[PDB]
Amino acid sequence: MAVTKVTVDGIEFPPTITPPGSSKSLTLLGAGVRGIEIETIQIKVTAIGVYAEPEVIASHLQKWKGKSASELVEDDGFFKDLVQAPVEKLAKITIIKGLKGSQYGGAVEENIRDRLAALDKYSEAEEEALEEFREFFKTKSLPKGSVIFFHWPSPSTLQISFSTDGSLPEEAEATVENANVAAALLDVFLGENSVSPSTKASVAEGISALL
């Protein structure tokens, strides 16, 4: 029997997902990969899938209707609107090349702090939030195939989950309630100096299609 699958270089991403502890079901908008470059050698380390409520986020982005995928990815304002949009969002991250949690966490945290410090939005509250974020990854190992779940039930709140085998948890492990960190983390992936332009392209064409 036939099945429809979404894949990024063979890594399978479900077309819809229900975040840990959530009732809602989110729809995949697009997916790409985060690739680290050494010399002229490119290493893919993670696959990233971006999910949200399709009708709702389509409604909030209606000013971009009929705008082409080519035109959206060219425009930082669209991605600002996508990041700001007050809808549930989820990032599913599948580890390609294994690594230790404190490494991934450390790098992402530094990226966030850089963004927030640049914006003059880094105080003790953010440091504590990032303490939580840091502590979450400190204790864990991220082997190939393990998956991280970043859940934004609203733009101000971040919920983190993780499964070593790639299955879907039914409740979140960590909650970071800090608007700046939550938004910055989303900005790591969909923002101006994205760790994954491919993911942004994929989301752009998905959203363009969705409108």
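For every residue, the number given is its place in the sequence shown, counted from 1.
S.K.: For the stretches 52 to 60 and 39 to 47, which has the higher mean C-alpha B-factor as given in the deposited record?
M.R.: It is 39 to 47.
S.K.: Mean C-alpha B-factor higher for 135 to 143, or for 83 to 91?
M.R.: It is 135 to 143 that shows the higher mean C-alpha B-factor.
S.K.: From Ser68, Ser161, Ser156, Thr175, can you pick the one with the highest C-alpha B factor in the entry?
M.R.: Each of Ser68, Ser161, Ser156, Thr175 was compared by C-alpha B-factor; the highest is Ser68.
S.K.: For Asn180, does the deposited CA B-factor place it in the lowest, middle or highest third of the chain?
M.R.: Its C-alpha B-factor, which the entry lists for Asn180, ranks in the lowest third among residues of this chain.
S.K.: Which third of the chain holds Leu116 when residues are ordered by C-alpha B factor: lowest, middle or highest?
M.R.: It falls in the bottom third of the chain.
S.K.: Splitting the chain's C-alpha B-factors into thirds, which one does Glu128 fall into?
M.R.: Middle third.
S.K.: Thinking about Cα B factors across the chain, which third does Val73 belong to?
M.R.: Answer is highest: the recorded C-alpha B-factor places it there.
S.K.: Could you place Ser198 in the lowest, middle or highest third of its chain by Cα temperature factor, using the values in the record?
M.R.: Its C-alpha B-factor, which the entry lists for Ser198, ranks in the lowest third among residues of this chain.
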